[PDB]
Amino acid sequence: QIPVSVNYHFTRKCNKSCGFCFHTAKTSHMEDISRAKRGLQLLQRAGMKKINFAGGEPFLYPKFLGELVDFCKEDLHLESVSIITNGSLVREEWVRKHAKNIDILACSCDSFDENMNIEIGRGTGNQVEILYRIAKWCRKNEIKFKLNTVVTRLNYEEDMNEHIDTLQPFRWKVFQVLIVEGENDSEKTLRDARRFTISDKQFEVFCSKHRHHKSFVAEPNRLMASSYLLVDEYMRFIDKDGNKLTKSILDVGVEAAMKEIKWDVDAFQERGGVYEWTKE
Ligand SMILES: Nc1ccn([C@@H]2O[C@H](COP(=O)(O)OP(=O)(O)OP(=O)(O)O)[C@@H](O)[C@H]2O)c(=O)n1
Ligand SMILES: C[S@@+](CC[C@H](N)C(=O)[O-])C[C@H]1O[C@@H](n2cnc3c(N)ncnc32)[C@H](O)[C@@H]1O
Ligand code: SF4
Ligand SMILES: [Cl-]
């Protein structure tokens, strides 16, 4: 298993409360910058070409984040450095200062109907304003702009083509709501995503309406369950499909930890996990 593409969820804290979140604020723990850099070095030596920064909200700690993006690009010479964020805490000067080391910046927006963004819980109804401003900043300092969308029971009938034809992200991830055991599957967890779930037919309603876009990347449940390399806030590997957890790579190493998780490389390539992820 060559971990060519890794998501490092370095924090679990966030400033929003989307009802379907499958990566909840279980801990406020965060790794040290020496340990995180060592973990990113360990993954580089195992073959990782693309790092993606995620978790709760990465831009809750823009000093920690920016330190790691300059590290991954200047020191580890990673092919792709990417970030996924809800966009609200991004400051323009941070983008300007770190544009050279960022290949992709992804901002989440699940609807362009701000009432549904309130119903979802991603804020108080300004996500589209946040969204367009992030994309404006990306095109200024020449970062590839990417958009992530979660298709729920409240927005699968939504026609988004006017906005997609305007933003024109180079990459548009379209997730079906995923139920992850122990994260959002009941009322004993920090979120109850059961009200947002849709069927394979309801998902296809949204997909057929929008698949014509080149950026469009459809990610149904079967393509999301085990197609990812999930790195914990302790730098452990998460198997969210099987509800399992490894020891931190900092102690047992990359290759020994990877052997405990399931990673569907077949679904990884089906979802176009490998792509032209570099430049600026
Ligand atoms: N079972 C899953 C599946 C996905 N994710 C997370 O969902 C997030 C959104 O995915 P995306 O932004 O598409 O991840 P990238 O790795 O950046 O995808 P790509 O490289 O293809 O752009 C990722 O952080 C991933 O870790 C997760 O927590 N649990
Ligand atoms: C968990 S978030 C955290 C990163 C950042 N705060 C953001 O929203 O972009 C990462 C991505 O996963 C998506 N996501 C969260 N919960 C999900 C679920 N249950 N099913 C599918 N996607 C989900 C979010 O919309 C976001 O695009
Ligand atoms: S999804 Fe909504 S809640 Fe879960 S992390 Fe990203 S922003 Fe915070
Ligand atoms: Cl672009």
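Only heavy atoms go into these numbers, but all of them, side chains included; no hydrogens, no water, no symmetry mates. Both counts, for ligands and for their atoms, begin at 1 and track the order of listing. Sequential numbering from 1 along the given sequence is applied to the chain's residues.
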shortest atom 22 (O) of ligand 1-to-protein heavy-atom contact is with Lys146 NZ, 2.8 Å
Among all protein heavy atoms in this structure, tell me which lies nearest to atom 12 (O) of ligand 2, with the distance rounded to 0.1 Å. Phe22 CE1, 3.5 Å
Taking distance alone, with no angle check, do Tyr275 and ligand 1 share an N/O pair under 3.5 Å? yes
If we number the atoms of ligand 2 from 1 as shown, the ones under 4.0 Å from a heavy atom of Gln176 are 20 (N), 21 (C)
Return yes when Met224 approaches ligand 2 closer than 4.0 angstrom through a heavy atom, no otherwise. yes
Donor-acceptor contact present, side-chain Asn161 to main-chain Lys209, <3.5 Å: yes
Could you work out, for atom 7 (O) of ligand 1, the closest of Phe22, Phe53, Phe175, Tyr228 by heavy-atom distance? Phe22
Can you name the atoms of ligand 1, numbered from 1 with element, that are less than 4.0 Å from a heavy atom of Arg271? 21 (O)
Give the numbers and elements of all ligand 2 atoms closer than 4.0 Å to a heavy atom of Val177. 20 (N)
Any atom of ligand 2 sitting under 4.0 Å from a heavy atom of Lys173? no
Assess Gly56 for proximity to ligand 2: is some non-hydrogen atom of it under 4.0 Å away? yes
In short, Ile249 meets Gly39 closest at the heavy-atom pair CD1-O, 3.7 Å
I'd like to check which ligand 2 atoms, numbered from 1 as shown, lie under 4.0 Å from a non-hydrogen atom of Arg122. 8 (O), 24 (C), 25 (O)
Looking at side-chain heavy atoms only, is the closest gap between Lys240 and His23 below 4.5 Å? yes
The protein heavy atom nearest to atom 22 (N) of ligand 2 is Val150 CG2, 3.5 Å
Tell me the contacting part of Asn184 for ligand 2: side chain, backbone, both, or neither, using a 4.0 Å heavy-atom threshold, strictly below. side chain
Got a salt bridge between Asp103 and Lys73, using NZ or NE/NH1/NH2 to carboxylate O under 4.0 Å? yes
Subset of ligand 1 atoms that lie under 4.0 Å from at least one heavy atom of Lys173: 13 (O), 18 (O), 19 (P), 21 (O), 22 (O)
Does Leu230 approach ligand 1 within less than 4.0 angstrom via side chain, backbone, both or neither, non-hydrogen atoms only? side chain
Taking all non-hydrogen atoms of both residues, which atom of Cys72 and which atom of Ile51 are closest, and how far apart? SG-CG2, 4.0 Å
Residue, atom name and distance, where the atom is the protein heavy atom closest to atom 16 (O) of ligand 1: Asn7 ND2, 3.0 Å
Answer yes or no: does atom NZ of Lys16 have more than 12 heavy-atom neighbours from other residues, nucleotides or ligands under 6.0 Å? yes
Consider every N or O of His23 and every N or O of ligand 2, then say whether any pair is closer than 3.5 Å. no
Parallel, tilted or perpendicular for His213 and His210, by the 30°/60° rule? parallel
Identity and separation of the nearest protein heavy atom to atom 9 (O) of ligand 2: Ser108 OG, 2.6 Å
Closest to atom 28 (O) of ligand 1 among protein heavy atoms sits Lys240 NZ, 2.8 Å
Which is it for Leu178 and ligand 1 at heavy atoms under 4.0 Å: side chain, backbone, both or neither? side chain
Mind listing the closest non-hydrogen atom pair of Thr11 and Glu57 along with its distance? CG2-O, 3.8 Å
Taking the basic N atoms (NZ, or NE/NH1/NH2) and the acidic carboxylate oxygens, is any pair closer than 4.0 Å for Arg195 and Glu119? yes
Contacts of type side-chain hydrogen bond (donor to acceptor under 3.5 Å, both in side chains), residue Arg45, not counting sequence neighbours: none
Return yes when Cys14 approaches ligand 2 closer than 4.0 angstrom through a heavy atom, no otherwise. no
Go through the structure and list residues passing side-chain contact (heavy atoms from CB on, under 4.5 Å) with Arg222, not counting sequence neighbours. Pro220, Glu270
For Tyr8 and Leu68, what are the C-alpha separation, side-chain angles and deciding distance, and is it a side-chain contact (heavy atoms from CB on, under 4.5 Å)? CA-CA 11 Å; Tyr8 177 28; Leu68 284 194; 4.1 Å; yes
Protein heavy-atom partner closest to atom 26 (O) of ligand 1 - residue, atom, separation in Å: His9 NE2, 2.9 Å
Take every heavy atom of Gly55, measure it against each atom of ligand 2, and state whether any distance is under 4.0 Å. yes
Please work out, at 4.0 Å between heavy atoms, whether the side chain, the backbone, both, or neither of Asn148 comes within that distance of ligand 2. side chain
Cation-pi, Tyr228 ring and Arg271 (6.0 angstrom, 45 degrees): yes
May I ask you to identify the nearest protein heavy atom to atom 10 (C) of ligand 2, giving residue, atom name and distance to one decimal place in Å? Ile84 CG1, 4.0 Å
Closest non-hydrogen protein atom to atom 20 (N) of ligand 2, residue and atom name please, with distance? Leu178 N, 3.0 Å
Should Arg96 and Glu92 count as an ion pair when the cut-off is N to O under 4.0 Å? yes
Describe, in one word, how the ring planes of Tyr234 and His29 are oriented to each other, choosing from parallel (under 30°), tilted (30 to 60°) and perpendicular (over 60°). parallel
For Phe216 and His212: C-alpha separation, side-chain torsions, deciding distance, then whether ring pair (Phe, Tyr, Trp, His ring centres under 6.0 Å) applies. CA-CA 7 Å; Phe216 179 85; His212 64 269; 8.5 Å; no
Mind checking whether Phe175 contacts ligand 2 via backbone (N, CA, C, O), side chain (CB onward), both or neither, at a 4.0 Å heavy-atom cut-off? side chain
Of the side chain and backbone of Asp241, name the one, both, or neither that has a heavy atom under 4.0 Å from an atom of ligand 1. neither
Could you find the nearest protein heavy atom to atom 19 (N) of ligand 2 and give me its residue, atom name and distance? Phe20 O, 2.6 Å
Students should be able to answer this: which protein heavy-atom is nearest to atom 2 (C) of ligand 1, and at what distance? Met224 O, 3.7 Å
Restricting to non-hydrogen atoms, name the atom on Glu260 and the atom on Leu245 that form the minimum distance, rounded to 0.1 Å. OE1-O, 3.8 Å
Please write down residue, atom name and distance for the protein heavy atom closest to atom 20 (O) of ligand 1. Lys50 NZ, 2.8 Å
Closest protein heavy atom to atom 6 (N) of ligand 2, given as residue, atom name and distance to 0.1 Å: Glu57 OE1, 2.7 Å
Could you report the tightest heavy-atom contact between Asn184 and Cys21, atom names first, then the distance? CB-O, 3.4 Å
So, does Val180 sit close enough to ligand 1 that a heavy atom of it is under 4.0 Å from the ligand? no
